[PDB]
Number of protein chains: 2
Amino acid sequence: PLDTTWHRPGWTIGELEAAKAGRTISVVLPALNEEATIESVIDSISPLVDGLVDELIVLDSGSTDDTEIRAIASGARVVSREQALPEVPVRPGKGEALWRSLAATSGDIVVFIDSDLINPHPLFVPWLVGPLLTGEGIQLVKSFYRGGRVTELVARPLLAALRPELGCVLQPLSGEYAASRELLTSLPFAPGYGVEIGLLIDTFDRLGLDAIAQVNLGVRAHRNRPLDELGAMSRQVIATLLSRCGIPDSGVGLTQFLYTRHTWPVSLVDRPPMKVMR
Amino acid sequence: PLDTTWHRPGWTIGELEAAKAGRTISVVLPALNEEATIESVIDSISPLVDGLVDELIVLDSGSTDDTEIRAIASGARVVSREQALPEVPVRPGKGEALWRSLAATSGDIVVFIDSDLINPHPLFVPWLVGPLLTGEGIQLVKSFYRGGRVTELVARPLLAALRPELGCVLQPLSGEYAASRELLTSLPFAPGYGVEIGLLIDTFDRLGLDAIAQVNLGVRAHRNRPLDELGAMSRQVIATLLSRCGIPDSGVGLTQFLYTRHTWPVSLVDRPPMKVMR
Ligand SMILES: O=c1ccn([C@@H]2O[C@H](COP(=O)(O)OP(=O)(O)O)[C@@H](O)[C@H]2O)c(=O)[nH]1
Ligand SMILES: O=c1ccn([C@@H]2O[C@H](COP(=O)(O)OP(=O)(O)O)[C@@H](O)[C@H]2O)c(=O)[nH]1
Ligand SMILES: O=C(O)[C@@H](COP(=O)(O)O)O[C@H]1O[C@H](CO)[C@@H](O)[C@H](O)[C@H]1O
Ligand SMILES: O=C(O)[C@@H](COP(=O)(O)O)O[C@H]1O[C@H](CO)[C@@H](O)[C@H](O)[C@H]1O
Ligand SMILES: [Mn+2]
Ligand SMILES: [Mn+2]
């Protein structure tokens, strides 16, 4: 029921660049403390600039390490959250950075690539924009690949429970996807780690499956985090997913006993469609 | 807000056995293919028989390996699901076995110990019945200890979302707990791996927190399973948890792409309170 390129796409960079037909392509890498990996990621994409890709920015989500200077040294334009929308104070979390990035870019197509990937293939951006440029009716392109414990224990079982029409999607929370600016500026942006599951469910409720494609990116690798930082990610994924399914969420943060106690933040506050800022 | 023995309880086996006061104690080990571990588990408890513990059974949930003969060789009474309730056909899953075991035992207090524990401490049963025998108003005693990825990514975040009053419980899905027969035969029994989260939420909705205690069992170890068998456990945990929170569950099983497709069963069918079979 869901368009799925299962094996390596066949289009070439010149074919895809032809099919642009006046549309522009923006690439955004959100970065919070990724000095180790940001340079390899930028370098996998920058060859495409002025060709297929018209714009590449690194949205610096508050990095205190060498992310900014290493990204500058790789030729990337670096935008802080403040610089993307200065009149609006900054909130924490990933969803904030991706929402803000819509103001700092202008491509008709926006591509999101996580800045914590290790040895990312240089055909990621070409593989993601493929269905947008060639397919008709595609507005969102998620990716799948190949670890994935929030996805496989939280997101996918919960979608099976509440939005079973999205059971065919293989990586709902994937950080690598592309979508049209029209779609992105229409949708609200969940906070924190809810942003991906939120844009998936919202796109489906607004356009159905036939506007959603997914593409195989081979196999991936990234930081594999501690189980506790996943508890908080899981919580925010649940919070967002319940909201889009009309289920009230208590707003209570996950408390963990390490034994010593600590409560993690969870946000129920979405950012509005970027359209309202026109 | 929740009674919690944080460190090793102080009662001794003779003190606890005095506080029995005419009540009997039944111990149940549900077993599906546990030949490797069933003997060590039985042996940690059998010294207590005819003393604190009045009855120990192994409810054989369909084992095709040497679980039954090794359990017999360790002096345990072995009951099959058929033998516990012959007039009712057998359904799969853990919840079925624990429900059936209420018919095959008769203690005023029932203690459940997973038969897949490695080197279980012989004070587990004494530590679990402690609050039931000495405390007043305690009807359910959960355990905590010390891995725990369904618990920490699914159960606890979801309880925070939907039943935040149970955020203090440290291991909602723990297989080691004790409860009164009156409570257990009043409650329905979720199917499969939903049985623990179901008995927790149901007990709370019926008696509040002050009927629930939890006790430290130190540190544990068991099989650490594949991520896919956890996906299905997670699904059934979600299914049961949504039901007790009045949220409709689609009944759609989790589909996984290993890429090759496969859908796992999920059950929405609880067993009724064992009382209805009187
Ligand atoms: O407030 C935030 C949180 C995350 N990220 C980015 O989102 C991606 C996914 O974050 P995750 O925490 O899963 O990875 P890690 O922290 O291990 O690098 C990474 O590129 C982060 O730099 C971000 O820009 N802002
Ligand atoms: O249909 C079932 C499923 C599980 N169990 C028991 O429930 C406990 C927890 O099961 P789990 O699958 O988590 O452990 P494992 O299969 O790795 O031994 C174990 O003692 C199993 O023998 C059972 O008796 N019947
Ligand atoms: O699912 C998860 O728990 C992690 C993968 O990290 P693990 O190695 O599973 O701890 O990644 C999630 O978030 C990533 C960033 O947003 C996405 O790229 C993954 O699709 C998603 O699974
Ligand atoms: O939470 C889980 O995923 C597992 C622990 O296994 P893992 O090593 O975390 O894969 O155990 C759950 O189920 C057990 C049996 O019912 C319980 O004893 C645990 O409390 C529960 O966490
Ligand atoms: Mn990552
Ligand atoms: Mn176990």
# chains A, B, ... in the order shown; residues from 1 in each chain; ligands from 1
>>> interface_residues(of="chain A", to="chain B", cutoff="7 Å", atoms="only C-alpha atoms", output="list in words")
residues 150, 152, 153, 154, 157, 160, 161, 162, 164, 167, 230, 231, 234, 235, 239, 249, 250, 251, 252, 253, 254 and 255 of chain A
>>> residues_around(residues="residue B:104", least_positions_apart="2", cutoff="6 Å", atoms="only C-alpha atoms", output="list in words")
residues 84, 101 and 102 of chain B
>>> write_last_selection(atoms="N, CA and C atoms", output="PDB file, in the first residue's frame")
ATOM      1  N   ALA B  84      -4.733 -28.184  34.842  1.00  0.00           N
ATOM      2  CA  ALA B  84      -5.207 -27.146  35.748  1.00  0.00           C
ATOM      3  C   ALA B  84      -6.674 -26.815  35.508  1.00  0.00           C
ATOM      4  N   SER B 101      -3.075 -21.411  36.678  1.00  0.00           N
ATOM      5  CA  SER B 101      -2.435 -21.868  37.906  1.00  0.00           C
ATOM      6  C   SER B 101      -3.276 -21.558  39.137  1.00  0.00           C
ATOM      7  N   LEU B 102      -4.165 -20.564  39.065  1.00  0.00           N
ATOM      8  CA  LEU B 102      -5.029 -20.268  40.205  1.00  0.00           C
ATOM      9  C   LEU B 102      -5.966 -21.426  40.512  1.00  0.00           C
TER      10      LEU B 102
END
>>> residues_around(residues="residue B:172", least_positions_apart="6", cutoff="9 Å", atoms="only C-alpha atoms", output="PyMOL selection string")
chain B and resi 142-144+151+155-156+166+196-197+200
>>> residues_near_ligand(ligand="ligand 6", cutoff="12 Å", atoms="only C-alpha atoms and all ligand atoms", output="mmCIF file with N, CA and C atoms, in the first residue's frame")
data_model
loop_
_atom_site.group_PDB
_atom_site.id
_atom_site.type_symbol
_atom_site.label_atom_id
_atom_site.label_comp_id
_atom_site.auth_asym_id
_atom_site.auth_seq_id
_atom_site.Cartn_x
_atom_site.Cartn_y
_atom_site.Cartn_z
ATOM 1 N N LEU B 29 5.704 -21.576 39.504
ATOM 2 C CA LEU B 29 6.725 -21.257 38.511
ATOM 3 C C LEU B 29 6.168 -21.591 37.135
ATOM 4 N N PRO B 30 5.786 -20.611 36.316
ATOM 5 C CA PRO B 30 5.377 -20.938 34.946
ATOM 6 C C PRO B 30 6.600 -21.272 34.112
ATOM 7 N N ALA B 31 6.484 -22.307 33.286
ATOM 8 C CA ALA B 31 7.640 -22.825 32.567
ATOM 9 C C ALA B 31 7.258 -23.185 31.143
ATOM 10 N N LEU B 32 7.876 -22.509 30.178
ATOM 11 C CA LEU B 32 7.834 -22.917 28.776
ATOM 12 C C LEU B 32 9.275 -23.087 28.312
ATOM 13 N N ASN B 33 9.728 -24.343 28.240
ATOM 14 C CA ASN B 33 11.051 -24.712 27.725
ATOM 15 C C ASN B 33 12.173 -24.015 28.506
ATOM 16 N N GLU B 34 12.367 -24.484 29.744
ATOM 17 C CA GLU B 34 13.346 -23.889 30.652
ATOM 18 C C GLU B 34 14.224 -24.953 31.313
ATOM 19 N N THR B 37 17.273 -23.887 33.342
ATOM 20 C CA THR B 37 17.212 -23.089 34.557
ATOM 21 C C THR B 37 16.184 -23.564 35.574
ATOM 22 N N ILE B 38 15.271 -24.461 35.204
ATOM 23 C CA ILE B 38 14.157 -24.770 36.098
ATOM 24 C C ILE B 38 14.664 -25.412 37.387
ATOM 25 N N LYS B 94 1.757 -16.520 28.225
ATOM 26 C CA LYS B 94 2.071 -16.587 29.646
ATOM 27 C C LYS B 94 0.835 -16.331 30.497
ATOM 28 N N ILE B 113 7.140 -16.861 40.488
ATOM 29 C CA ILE B 113 8.567 -16.743 40.196
ATOM 30 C C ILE B 113 8.811 -17.259 38.787
ATOM 31 N N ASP B 114 9.456 -16.445 37.958
ATOM 32 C CA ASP B 114 9.816 -16.901 36.624
ATOM 33 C C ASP B 114 10.817 -18.049 36.713
ATOM 34 N N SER B 115 10.617 -19.054 35.866
ATOM 35 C CA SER B 115 11.438 -20.254 35.861
ATOM 36 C C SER B 115 12.687 -20.110 34.992
ATOM 37 N N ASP B 116 12.955 -18.912 34.466
ATOM 38 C CA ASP B 116 14.127 -18.664 33.632
ATOM 39 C C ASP B 116 15.173 -17.813 34.344
ATOM 40 N N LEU B 117 15.075 -17.691 35.665
ATOM 41 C CA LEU B 117 16.065 -16.952 36.433
ATOM 42 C C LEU B 117 17.341 -17.773 36.581
ATOM 43 N N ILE B 118 18.482 -17.089 36.624
ATOM 44 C CA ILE B 118 19.778 -17.743 36.805
ATOM 45 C C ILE B 118 20.264 -17.442 38.213
ATOM 46 N N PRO B 120 18.811 -17.801 41.243
ATOM 47 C CA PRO B 120 17.890 -16.974 42.027
ATOM 48 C C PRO B 120 18.168 -17.098 43.512
ATOM 49 N N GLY B 147 19.190 -4.294 29.248
ATOM 50 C CA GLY B 147 18.584 -5.016 30.350
ATOM 51 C C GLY B 147 17.380 -4.280 30.915
ATOM 52 N N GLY B 148 16.188 -4.847 30.719
ATOM 53 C CA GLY B 148 14.958 -4.157 31.063
ATOM 54 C C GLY B 148 14.730 -3.069 30.036
ATOM 55 N N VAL B 150 12.120 -3.390 27.393
ATOM 56 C CA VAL B 150 10.680 -3.186 27.284
ATOM 57 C C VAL B 150 10.193 -2.356 28.462
ATOM 58 N N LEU B 173 6.679 -4.669 34.976
ATOM 59 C CA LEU B 173 6.544 -5.934 34.269
ATOM 60 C C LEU B 173 7.274 -7.091 34.954
ATOM 61 N N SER B 174 7.777 -6.897 36.171
ATOM 62 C CA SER B 174 8.558 -7.928 36.842
ATOM 63 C C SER B 174 7.756 -9.212 36.991
ATOM 64 N N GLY B 175 8.391 -10.340 36.679
ATOM 65 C CA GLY B 175 7.761 -11.641 36.803
ATOM 66 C C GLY B 175 7.748 -12.216 38.201
ATOM 67 N N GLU B 176 8.415 -11.562 39.154
ATOM 68 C CA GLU B 176 8.458 -12.001 40.546
ATOM 69 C C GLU B 176 7.570 -11.095 41.388
ATOM 70 N N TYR B 193 2.281 -11.902 27.264
ATOM 71 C CA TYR B 193 3.108 -11.006 28.070
ATOM 72 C C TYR B 193 2.382 -9.798 28.579
ATOM 73 N N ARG B 220 19.380 -9.238 39.315
ATOM 74 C CA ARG B 220 18.868 -10.420 38.635
ATOM 75 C C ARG B 220 19.633 -10.682 37.344
ATOM 76 N N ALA B 221 19.258 -11.784 36.704
ATOM 77 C CA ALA B 221 19.772 -12.169 35.402
ATOM 78 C C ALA B 221 18.837 -13.223 34.834
ATOM 79 N N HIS B 222 18.686 -13.190 33.517
ATOM 80 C CA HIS B 222 17.839 -14.139 32.813
ATOM 81 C C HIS B 222 18.290 -14.132 31.367
ATOM 82 N N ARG B 223 17.722 -15.027 30.567
ATOM 83 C CA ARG B 223 17.899 -14.903 29.128
ATOM 84 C C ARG B 223 17.715 -13.449 28.748
ATOM 85 N N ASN B 224 18.591 -12.954 27.891
ATOM 86 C CA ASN B 224 18.388 -11.670 27.236
ATOM 87 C C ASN B 224 18.082 -11.939 25.773
ATOM 88 N N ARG B 225 16.847 -11.662 25.388
ATOM 89 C CA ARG B 225 16.248 -12.200 24.179
ATOM 90 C C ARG B 225 16.586 -11.338 22.977
ATOM 91 N N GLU B 229 11.636 -10.705 19.402
ATOM 92 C CA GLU B 229 10.728 -11.280 20.389
ATOM 93 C C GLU B 229 10.329 -10.247 21.434
ATOM 94 N N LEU B 230 11.114 -9.176 21.570
ATOM 95 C CA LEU B 230 10.741 -8.054 22.419
ATOM 96 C C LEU B 230 9.740 -7.140 21.729
ATOM 97 N N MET B 233 6.523 -8.802 22.504
ATOM 98 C CA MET B 233 6.213 -8.554 23.908
ATOM 99 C C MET B 233 5.770 -7.111 24.108
#
>>> residues_around(residues="residue B:44", least_positions_apart="3", cutoff="8 Å", atoms="only C-alpha atoms", output="list in words")
residues 40, 41, 47, 120, 121 and 122 of chain B
>>> atom_distance(atom1="atom 14 (C, counted along the ligand's line) of ligand 3", atom2="atom CA of residue A:91")
20.1 Å
>>> residues_around(residues="residue B:145", least_positions_apart="3", cutoff="7 Å", atoms="only C-alpha atoms", output="MDAnalysis selection string")
chainID B and resid 216:220
>>> write_last_selection(atoms="N, CA and C atoms", output="short mmCIF file (atom, residue, chain, number, x, y, z; two decimals), in the first residue's frame")
data_model
loop_
_atom_site.label_atom_id
_atom_site.label_comp_id
_atom_site.auth_asym_id
_atom_site.auth_seq_id
_atom_site.Cartn_x
_atom_site.Cartn_y
_atom_site.Cartn_z
N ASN B 216 12.98 -4.89 47.25
CA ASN B 216 14.24 -5.04 46.52
C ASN B 216 14.72 -6.49 46.59
N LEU B 217 14.98 -7.08 45.43
CA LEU B 217 15.49 -8.44 45.33
C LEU B 217 16.96 -8.46 44.94
N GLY B 218 17.64 -7.32 45.06
CA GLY B 218 19.05 -7.25 44.79
C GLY B 218 19.39 -7.01 43.34
N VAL B 219 19.80 -8.06 42.64
CA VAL B 219 20.16 -7.97 41.23
C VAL B 219 19.82 -9.29 40.57
N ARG B 220 19.38 -9.24 39.31
CA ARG B 220 18.87 -10.42 38.63
C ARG B 220 19.63 -10.68 37.34
#
>>> residues_around(residues="stretch 78-83 of chain A", least_positions_apart="4", cutoff="10 Å", atoms="only C-alpha atoms", output="PyMOL selection string")
chain A and resi 28-31+56-63+67-69+71-72+87-92+96-101+103-105
>>> write_last_selection(atoms="N, CA and C atoms", output="mmCIF file, in the first residue's frame")
data_model
loop_
_atom_site.group_PDB
_atom_site.id
_atom_site.type_symbol
_atom_site.label_atom_id
_atom_site.label_comp_id
_atom_site.auth_asym_id
_atom_site.auth_seq_id
_atom_site.Cartn_x
_atom_site.Cartn_y
_atom_site.Cartn_z
ATOM 1 N N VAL A 28 19.477 20.428 5.025
ATOM 2 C CA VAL A 28 19.677 20.906 6.385
ATOM 3 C C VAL A 28 20.274 19.775 7.201
ATOM 4 N N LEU A 29 21.326 20.085 7.944
ATOM 5 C CA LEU A 29 21.892 19.156 8.917
ATOM 6 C C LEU A 29 21.732 19.765 10.301
ATOM 7 N N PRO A 30 20.810 19.287 11.137
ATOM 8 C CA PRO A 30 20.755 19.792 12.512
ATOM 9 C C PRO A 30 21.905 19.215 13.317
ATOM 10 N N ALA A 31 22.529 20.054 14.137
ATOM 11 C CA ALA A 31 23.751 19.658 14.826
ATOM 12 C C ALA A 31 23.739 20.170 16.255
ATOM 13 N N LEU A 56 23.007 24.217 1.249
ATOM 14 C CA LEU A 56 23.290 23.331 2.371
ATOM 15 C C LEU A 56 23.601 24.190 3.584
ATOM 16 N N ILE A 57 22.848 23.996 4.668
ATOM 17 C CA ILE A 57 23.121 24.702 5.911
ATOM 18 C C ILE A 57 23.268 23.690 7.034
ATOM 19 N N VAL A 58 24.014 24.088 8.053
ATOM 20 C CA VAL A 58 24.112 23.361 9.306
ATOM 21 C C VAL A 58 23.412 24.225 10.336
ATOM 22 N N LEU A 59 22.289 23.756 10.861
ATOM 23 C CA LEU A 59 21.583 24.507 11.888
ATOM 24 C C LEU A 59 22.165 24.124 13.240
ATOM 25 N N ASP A 60 22.956 25.022 13.814
ATOM 26 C CA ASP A 60 23.661 24.742 15.057
ATOM 27 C C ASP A 60 22.675 24.875 16.209
ATOM 28 N N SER A 61 22.286 23.743 16.779
ATOM 29 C CA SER A 61 21.319 23.691 17.869
ATOM 30 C C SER A 61 21.947 23.937 19.238
ATOM 31 N N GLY A 62 22.919 24.840 19.327
ATOM 32 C CA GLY A 62 23.534 25.191 20.588
ATOM 33 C C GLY A 62 24.834 24.482 20.914
ATOM 34 N N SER A 63 25.613 24.083 19.911
ATOM 35 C CA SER A 63 26.801 23.284 20.170
ATOM 36 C C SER A 63 27.825 24.084 20.961
ATOM 37 N N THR A 67 31.734 21.914 16.696
ATOM 38 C CA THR A 67 30.861 21.645 15.558
ATOM 39 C C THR A 67 30.873 22.815 14.585
ATOM 40 N N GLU A 68 30.731 24.031 15.104
ATOM 41 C CA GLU A 68 30.578 25.183 14.228
ATOM 42 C C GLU A 68 31.832 25.410 13.397
ATOM 43 N N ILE A 69 33.002 25.420 14.044
ATOM 44 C CA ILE A 69 34.234 25.753 13.330
ATOM 45 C C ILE A 69 34.608 24.650 12.344
ATOM 46 N N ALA A 71 32.450 22.726 10.824
ATOM 47 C CA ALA A 71 31.500 22.824 9.721
ATOM 48 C C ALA A 71 31.851 23.984 8.798
ATOM 49 N N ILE A 72 32.261 25.117 9.371
ATOM 50 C CA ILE A 72 32.736 26.235 8.560
ATOM 51 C C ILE A 72 33.941 25.814 7.733
ATOM 52 N N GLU A 87 13.400 36.979 16.357
ATOM 53 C CA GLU A 87 12.360 37.604 17.164
ATOM 54 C C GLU A 87 11.648 36.614 18.079
ATOM 55 N N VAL A 88 11.852 35.316 17.889
ATOM 56 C CA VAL A 88 11.237 34.263 18.692
ATOM 57 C C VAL A 88 12.317 33.645 19.575
ATOM 58 N N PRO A 89 12.202 33.719 20.911
ATOM 59 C CA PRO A 89 13.168 33.021 21.775
ATOM 60 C C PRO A 89 13.319 31.546 21.437
ATOM 61 N N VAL A 90 14.422 30.947 21.864
ATOM 62 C CA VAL A 90 14.767 29.591 21.461
ATOM 63 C C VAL A 90 14.294 28.613 22.525
ATOM 64 N N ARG A 91 13.666 27.524 22.088
ATOM 65 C CA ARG A 91 13.373 26.383 22.941
ATOM 66 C C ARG A 91 14.360 25.255 22.675
ATOM 67 N N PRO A 92 14.562 24.369 23.643
ATOM 68 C CA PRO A 92 15.453 23.223 23.426
ATOM 69 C C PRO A 92 14.819 22.176 22.519
ATOM 70 N N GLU A 96 12.658 21.822 17.543
ATOM 71 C CA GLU A 96 12.834 23.265 17.448
ATOM 72 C C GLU A 96 13.782 23.609 16.309
ATOM 73 N N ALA A 97 14.913 22.898 16.236
ATOM 74 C CA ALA A 97 15.944 23.206 15.252
ATOM 75 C C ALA A 97 15.443 22.982 13.833
ATOM 76 N N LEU A 98 14.733 21.876 13.600
ATOM 77 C CA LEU A 98 14.207 21.602 12.264
ATOM 78 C C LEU A 98 13.132 22.606 11.868
ATOM 79 N N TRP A 99 12.263 22.981 12.805
ATOM 80 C CA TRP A 99 11.274 24.009 12.507
ATOM 81 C C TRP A 99 11.962 25.319 12.155
ATOM 82 N N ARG A 100 12.880 25.767 13.013
ATOM 83 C CA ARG A 100 13.598 27.009 12.751
ATOM 84 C C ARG A 100 14.272 26.988 11.386
ATOM 85 N N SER A 101 14.761 25.819 10.960
ATOM 86 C CA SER A 101 15.515 25.740 9.715
ATOM 87 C C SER A 101 14.656 26.084 8.505
ATOM 88 N N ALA A 103 12.806 28.618 8.208
ATOM 89 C CA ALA A 103 12.998 30.047 7.996
ATOM 90 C C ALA A 103 14.367 30.371 7.410
ATOM 91 N N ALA A 104 15.369 29.532 7.662
ATOM 92 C CA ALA A 104 16.732 29.808 7.234
ATOM 93 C C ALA A 104 17.044 29.229 5.862
ATOM 94 N N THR A 105 16.107 28.512 5.256
ATOM 95 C CA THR A 105 16.279 27.948 3.928
ATOM 96 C C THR A 105 15.152 28.439 3.031
#
>>> select_by_dssp(residues="stretch 92-205 of chain A", states="strand (DSSP E or B)", output="mmCIF file with C-alpha atoms, in the first residue's frame")
data_model
loop_
_atom_site.group_PDB
_atom_site.id
_atom_site.type_symbol
_atom_site.label_atom_id
_atom_site.label_comp_id
_atom_site.auth_asym_id
_atom_site.auth_seq_id
_atom_site.Cartn_x
_atom_site.Cartn_y
_atom_site.Cartn_z
ATOM 1 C CA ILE A 109 12.368 20.762 -1.491
ATOM 2 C CA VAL A 110 13.923 20.387 1.972
ATOM 3 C CA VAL A 111 16.154 17.413 2.806
ATOM 4 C CA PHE A 112 17.034 16.561 6.413
ATOM 5 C CA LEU A 117 25.987 9.687 10.827
ATOM 6 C CA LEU A 140 7.284 13.129 1.900
ATOM 7 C CA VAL A 141 10.123 10.612 1.487
ATOM 8 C CA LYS A 142 11.237 8.632 4.539
ATOM 9 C CA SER A 143 14.252 6.340 4.543
ATOM 10 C CA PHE A 144 14.991 2.865 5.838
ATOM 11 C CA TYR A 177 13.972 12.284 4.845
ATOM 12 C CA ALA A 178 12.944 14.878 2.287
ATOM 13 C CA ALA A 179 9.698 16.757 1.774
ATOM 14 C CA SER A 180 8.239 19.686 -0.123
ATOM 15 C CA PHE A 189 6.473 20.619 14.438
#
>>> atom_distance(atom1="atom CA of residue A:262", atom2="atom CA of residue B:171")
16.0 Å
>>> atom_distance(atom1="atom 4 (C, counted along the ligand's line) of ligand 2", atom2="atom CA of residue B:73")
21.5 Å
>>> select_by_dssp(residues="stretch 33-221 of chain A", states="helix (DSSP H, G or I)", output="ChimeraX atom specification")
/A:38-48,67-73,81-84,94-104,124-134,149-162,164-166,181-184,192-207,209-211
>>> residues_around(residues="residue B:209", least_positions_apart="2", cutoff="9 Å", atoms="only C-alpha atoms", output="ChimeraX atom specification")
/B:1-3,165-166,203-205,207,211-213
>>> write_last_selection(atoms="N, CA, C and O atoms", output="tab-separated table (two decimals), in the first residue's frame")
chain	number	residue	atom	x	y	z
B	1	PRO	N	4.92	7.92	47.71
B	1	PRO	CA	3.50	7.56	47.74
B	1	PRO	C	3.27	6.05	47.73
B	1	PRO	O	2.13	5.59	47.74
B	2	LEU	N	4.36	5.28	47.73
B	2	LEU	CA	4.31	3.85	47.47
B	2	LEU	C	5.24	3.13	48.43
B	2	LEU	O	6.44	3.41	48.46
B	3	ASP	N	4.69	2.21	49.22
B	3	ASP	CA	5.48	1.45	50.18
B	3	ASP	C	6.61	0.71	49.46
B	3	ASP	O	6.38	-0.02	48.50
B	165	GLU	N	0.37	7.98	38.24
B	165	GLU	CA	0.38	7.54	39.63
B	165	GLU	C	1.19	6.27	39.84
B	165	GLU	O	1.48	5.94	41.00
B	166	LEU	N	1.55	5.56	38.77
B	166	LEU	CA	2.36	4.35	38.86
B	166	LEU	C	3.80	4.60	38.41
B	166	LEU	O	4.52	3.64	38.13
B	203	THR	N	-5.09	-3.80	39.73
B	203	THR	CA	-5.01	-3.71	41.19
B	203	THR	C	-5.07	-2.26	41.64
B	203	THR	O	-5.76	-1.94	42.62
B	204	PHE	N	-4.36	-1.37	40.95
B	204	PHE	CA	-4.34	0.04	41.33
B	204	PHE	C	-5.71	0.67	41.18
B	204	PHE	O	-6.17	1.42	42.06
B	205	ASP	N	-6.38	0.41	40.05
B	205	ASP	CA	-7.70	0.99	39.82
B	205	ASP	C	-8.72	0.49	40.83
B	205	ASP	O	-9.71	1.18	41.10
B	207	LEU	N	-7.88	-0.83	44.15
B	207	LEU	CA	-7.50	-0.67	45.56
B	207	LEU	C	-6.57	0.50	45.84
B	207	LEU	O	-6.29	0.75	47.01
B	211	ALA	N	-2.48	-0.52	48.57
B	211	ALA	CA	-2.55	-1.97	48.54
B	211	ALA	C	-1.38	-2.59	47.79
B	211	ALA	O	-1.33	-3.82	47.66
B	212	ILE	N	-0.43	-1.79	47.33
B	212	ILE	CA	0.69	-2.26	46.51
B	212	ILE	C	1.99	-1.91	47.21
B	212	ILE	O	2.25	-0.74	47.52
B	213	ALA	N	2.83	-2.92	47.43
B	213	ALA	CA	4.18	-2.74	47.94
B	213	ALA	C	5.18	-3.26	46.92
B	213	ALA	O	4.85	-4.07	46.06
>>> closest_residue(among="A:191, A:263, A:215, A:128", to="residue A:93", atoms="only C-alpha atoms")
A:191
